Structures are given as structure tokens and as C-alpha cells.
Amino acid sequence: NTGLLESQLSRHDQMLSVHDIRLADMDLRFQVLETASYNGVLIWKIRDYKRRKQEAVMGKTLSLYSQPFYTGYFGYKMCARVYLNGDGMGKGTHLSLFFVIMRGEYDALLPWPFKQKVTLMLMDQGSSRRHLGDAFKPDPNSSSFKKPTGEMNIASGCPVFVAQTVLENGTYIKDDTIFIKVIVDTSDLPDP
């Protein structure tokens, strides 16, 4: 019956939809993969600063989080979270840069709470390369550096990293894009 033809047509469209989602997801897997890093250093490239900043003000998107980077092929999983228009004591005045401990497939083998030194920083695309950066030491008692429960613990870093005045009136922004860099000290943990 023509109704049976439609039953099959409907089934294919549904399948085609699954395939579309499925395909798109892999696209994200590819990106994450193509942008990964396993030496505890992450260089995050943020394009469309102007737009994204505006979306942060209007409240469409308060923060962006980077792709995950690792301290080693099988160590801590981490990433960065930024608020182009500020968070906490920086909302409206600064750009807040936070570090994020994510749940990793090998957390049952890694030390806790997380204690590696973290250096946060914004690259200076200018010619003098005056990179802006800070370095903290995880707070053992903080819930941001304890063995993960969900996908990622509560971000933690510098709410008052850079003054929006400084950033935008300098050579940190070129081609409508800035680069953020994080450096985890892999110096301590593992290795026979």
C-alpha cells in the first residue's frame, strides 16, 4: 500500500536524521582530537572576539570552554573556561580566565586533590610578545581540585585576569582573535 511506501520513507528520513546528528557529533570529536595536547600545555585560539564579547554582554553566552588537554597520554584531563566580559569581581570590567579539572578515564590512578602548578596567560600577538600571565597553586581544600564527580569540576583561576581596557587597547587582539595559553606543571606526577 502507498501507506507502506510512506512507512518506509518515514523510516529513512528518521534514519537520515540520526546519521546527520551522528555525523555532526563526530565532527566535534575530530576537532577535540585535532586540537588535543598531551604535555600539559594548551594554546586556545578564540576567533570572532568582537562578536563573542557582544554575546557575553547581552548574556547569550557568558563563557566559552576550550578543548581538553592532558598532562600526559593517560593523566589528568583539563581545559580552560573564559568569560569575555568577566565573572565575579571582574564582571563588566575584566576578562576572567579559569582552569577546569575534568573527569578523566584514569582518575582512579592519579593523585588527588590535584596539585599541579597552573600558569594562565594571554598571548601578545604584537611584536614585543609581552604575554600577560599569572600562576597559581591549586587549593587542596578547594572543590575545584578534588577527584571529579561530574564531567568537570567548578572552574577556578583569575576572575580579574586582564582589564578589558588593557586587552582591547593593545596588540593582544589581532585579526579579531586572541590566543589563550595554559601550562600545567607535569614535573611531579608519575613515570617509573
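We number the residues from 1 along the sequence you see.
Peer 1: On average, which has the higher Cα B-factor in the deposited entry, 66 to 74 or 130 to 138?
Peer 2: The stretch with the larger mean CA B-factor is 130 to 138.
Peer 1: Higher average CA B factor in the deposited record is what I'm after, so tell me if that's 121 to 129 or 30 to 38.
Peer 2: Per the PDB entry, the higher value belongs to 121 to 129.
Peer 1: Looking at the entry's B-factor column for C-alpha atoms only, identify whether residue 106 ranks in the lowest, middle or highest third of its chain.
Peer 2: Within its chain, residue 106 is a middle-third residue by C-alpha B-factor, going by the deposited values.
Peer 1: Consider only the C-alpha atoms of the modelled residues in this chain, order them by B-factor as the entry records it, and name the third containing residue 44: lowest, middle or highest.
Peer 2: Bottom third by C-alpha B-factor.
Peer 1: Quick check on the deposited entry: does the C-alpha B-factor of residue 99 sit in the lowest, middle or highest third of its chain?
Peer 2: Within its chain, residue 99 is a lowest-third residue by C-alpha B-factor, going by the deposited values.
Peer 1: Should residue 13 be placed in the lowest, middle or highest third of its chain by the C-alpha B factor in the entry?
Peer 2: Residue 13: CA B-factor falls in the lowest third of its chain.
Peer 1: Among all modelled residues of this chain, ranked by Cα B factor, put residue 165 in the bottom, middle or top third, i.e. lowest, middle or highest.
Peer 2: It falls in the top third of the chain.
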